[PDB]
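Step one of this worksheet: look at the structure below.
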Amino acid sequence: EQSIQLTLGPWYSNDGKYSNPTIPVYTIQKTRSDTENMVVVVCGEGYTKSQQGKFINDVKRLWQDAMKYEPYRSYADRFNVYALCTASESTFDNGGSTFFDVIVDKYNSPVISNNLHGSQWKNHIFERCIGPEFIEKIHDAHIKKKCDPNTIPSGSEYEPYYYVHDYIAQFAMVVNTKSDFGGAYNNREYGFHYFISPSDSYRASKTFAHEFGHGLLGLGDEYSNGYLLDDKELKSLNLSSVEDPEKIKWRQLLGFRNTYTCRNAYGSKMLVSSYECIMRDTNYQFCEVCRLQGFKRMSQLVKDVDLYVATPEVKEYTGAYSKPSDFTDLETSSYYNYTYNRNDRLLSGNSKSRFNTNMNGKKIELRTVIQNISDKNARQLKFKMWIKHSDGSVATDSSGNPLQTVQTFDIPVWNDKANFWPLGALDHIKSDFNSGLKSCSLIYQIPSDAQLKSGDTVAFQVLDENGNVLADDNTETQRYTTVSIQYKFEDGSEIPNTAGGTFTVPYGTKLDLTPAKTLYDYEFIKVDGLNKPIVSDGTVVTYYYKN
Ligand SMILES: [Zn+2]
Ligand SMILES: [Zn+2]
């Protein structure tokens with residue numbers, strides 16, 4: 001029913017196997033107007049027409065797993081996700097004609113092969129054919145096509161299609177295969193912004209999150225080798241070759257969580273902010289630098305995100321790893337020695353119970369990093385930290401003074417915002433890592449006469465100017481709950497060509513997004529389940545549309 005149709009002349013389907021394909025469109029998630037959200041378009045490679053059910057379910061699995069990683073997770077409901085059911089003649093594993101002509105080269109890279117059948121523009125198919133048709137017919141902006149993709153434009157072959165990657169935030173191609181591979185193609189100047197990954201490899205979801213991190217977040221391979229020259233130093237979001245801790249771009253994050261610059265391998269001149277990152281080893285999470293940069297990157301594509309507060313931590317303050325000179329050694333063993341010291345000192349998250357009565361007379365530090373997303377509003381955040389008894393009462397010293405301290409932090413504006421992957425950008429060239437960024441550290445001296453009890457813990461809050469709690473001593477370990485969206489007509493029928501996905505939110509979250517006024521051609525009526533604490537897995541938010 002709902003679909004797009006392409007016209008693929010000899011430059012896109014030289015063997016005539018896909019000269020005029022019909023592509024069913026499935027909406028996996030549309031929580032707001034496309035104009036307000038990041039639009040992701042996923043196509044299948046090597047799925048035959050009878051395998052499109054598998055393709056849809058593969059996309060839902062990969063997408064849901066990607067949304068469990070920060071920083072995506074913080075934006076989970078600000079994506080609209082569409083599955084385009086591109087049908088191949090052959091399965092991928094059978095090796096016959098496929099929709100995207102994908103081959104695996106001698107480096108294990110999946111590549112769209114223009115030379116396979118002589119389709120000279122095959123790897124331009126996303127931004128010249130699929131994208132413009134989708135943006136005209138399906139996307140809420142309905143930008144009418146500007147150029148015939150089977151003709152040579154006057155002037156640039158590329159500029160007429162630049163707009164595609166501003167209305168579609170990411171193209172993904174899922175290959176129907178168990179083969180383990182992955183590749184991301186980011187060259188917007190020449191029209192390329194897609195990645196390819198497999199549906200059923202042993203690490204399929206981790207690979208998907210990684211390639212999406214290259215493609216959408218603009219992060220570099222923390223497995224890369226070589227020395228970054230000054231231009232490439234400024235260009236990289238998450239890599240460096242600057243040995244001096246007083247000069248390295250991410251110096252404000254040094255000592256926060258597992259942020260300790262090190263060589264990404266013995267004797268390497270390529271430096272990473274943490275040895276344990278998915279951008280180097282797909283078994284890990286995103287490091288704090290990648291979370292910050294990716295969160296900043298996505299904030300450019302939506303309008304209502306104005307602050308990043310990394311999850312704060314509390315540590316016994318001994319003076320270790322508290323000054324730049326403590327970070328000068330860049331060997332892997334220095335990274336791990338640092339993380340062991342951090343664990344020995346940690347008093348938050350899963351180490352909250354390490355507090356004890358021997359803590360009197362000691363100092364503790366509440367530490368996080370804050371990025372202002374506004375290029376016009378400076379911010380002032382108030383930090384509170386205190387010693388809490390197990391029953392919730394606030395501990396005191398021997399004079400009845402509560403064991404508590406407060407400090408306010410000024411967050412400067414993001415003056416450099418326009419240089420960091422804004423809408424319309426073709427690349428990231430140079431940005432000031434520290435613009436809008438503020439590492440906040442609140443040190444509390446526990447008095448020698450603290451009246452501590454077994455089971456006491458460190459409590460804390462990060463408050464905004466209205467007193468809203470942005471983060472506290474429960475944030476890091478709080479339970480997340482799964483929510484699933486469904487699209488229905490007034491009469492309870494499921495809307496065709498929808499396949500509502502799930503995502504997760506902190507237990508108790510009240511969802512607050514404004515539904516898109518249209519779904520395909522159907523007009524929105526009402527929604528059940530918004531503005532209501534989400535307190536059970538499988539909670540269903542139901543969007544009702546008028547038939
Ligand atoms: Zn990679
Ligand atoms: Zn990283």
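Backbone-built Cβ (ideal geometry, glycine too); neighbour counts: all protein chains shown. Values in this text are rule-based calculations from the coordinates and carry no lab data.
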Relative contact order in percent for the chain (Cα pairs under 8 Å, 6+ apart) equals 13 percent
Would you mind working out the magnitude of the charge dipole of the chain relative to its Cα centre, with +1 at each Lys and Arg C-beta and -1 at each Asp and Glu C-beta, to the nearest 20 Debye? 680 debye
Furthest towards positive pole of dipole, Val535, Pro496, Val483, structure part region 480-546, Cβ charges: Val535
Quick calc, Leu470 & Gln445: beta-carbon distance into FRET formula, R0 30 Å, rounding 0.05, result 0.75
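Counting helices only, and only those DSSP H runs with n ≥ 4, report the 222 nm mean residue ellipticity of the chain as the sum of -39,500 (n - 2.57) divided by its residues, in deg cm²/dmol to the nearest 500. All intermediate terms of the calculation are to be shown ahead of the outcome.
Numbers: 8 runs with 74 residues, N = 547.
Rounded to the nearest 500, the figure is -4000 deg cm²/dmol.
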Mind ordering 439-448, 379-388, 320-329 by average Cβ neighbours within 10 Å, highest first? 379-388, 439-448, 320-329
Work out from phi, with θ = phi - 60° and the Karplus expression 6.51 cos²θ - 1.76 cosθ + 1.60, the ³J(HN,Hα) of each residue of region 16-29, listed in order in whole Hz, and give x for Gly and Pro. x, 6, 9, 6, 8, x, 9, 10, x, 10, 10, 8, 7, 8
Suppose a student asked you for the relative contact order of region 201-280, using Cα pairs under 8 Å spaced at least 6 residues apart; what percent would you report? 32 percent
Could you point to the residue in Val305, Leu463, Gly424 farthest towards the positive end of region 239-472's charge dipole, with +1 and -1 charges on the Cβ of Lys/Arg and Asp/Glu respectively? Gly424
For region 429-443, Karplus-derived ³J(HN,Hα) couplings (6.51, -1.76, 1.60; θ = phi - 60°; whole Hz; x for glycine and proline) come out as 9, 7, 8, 9, 3, 8, 5, x, 9, 9, 7, 10, 9, 10, 9
Please work out, to two decimal places, the log10 of the ratio I(q)/I(0) at q = 0.09, 0.13 Å⁻¹ from a Debye calculation in which every Cα of the chain carries one identical scatterer. -0.73, -1.36
Protection proxy ranking of 110-120, 502-512 - average other beta-carbon atoms within 10 Å, highest first: 110-120, 502-512
Stretchable slack from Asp231 to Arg479, in nm (0.36 nm times residue separation minus alpha-carbon distance): 85.0 nm
Could you pull out every residue, at least 5 positions away or on a different chain, whose amide H is within less than 5 Å of the one on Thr481? Hs are placed 1.01 Å off N in the peptide plane, and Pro or chain starts have none. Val505, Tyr507
By the scheme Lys and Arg +1, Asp and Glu -1, what is the net charge of all other residues having a beta-carbon under 12 Å from that of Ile525? 0
Reduced to Cα centres, the span from region 224-300 to region 372-443 in Å works out to 21 Å
Zone of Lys363's modelled label, taken as backbone nitrogen in region 427-452 under 15 Å from a point 7 Å along Cα→Cβ: 441-448
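How much length is gained on full extension from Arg73 to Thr318, taking 0.36 nm per residue of separation minus their Cα-Cα distance?
84.8 nm
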Quick check on the exposure proxy: order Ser454, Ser484 from fewest to most C-beta atoms within 10 angstrom. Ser454, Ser484
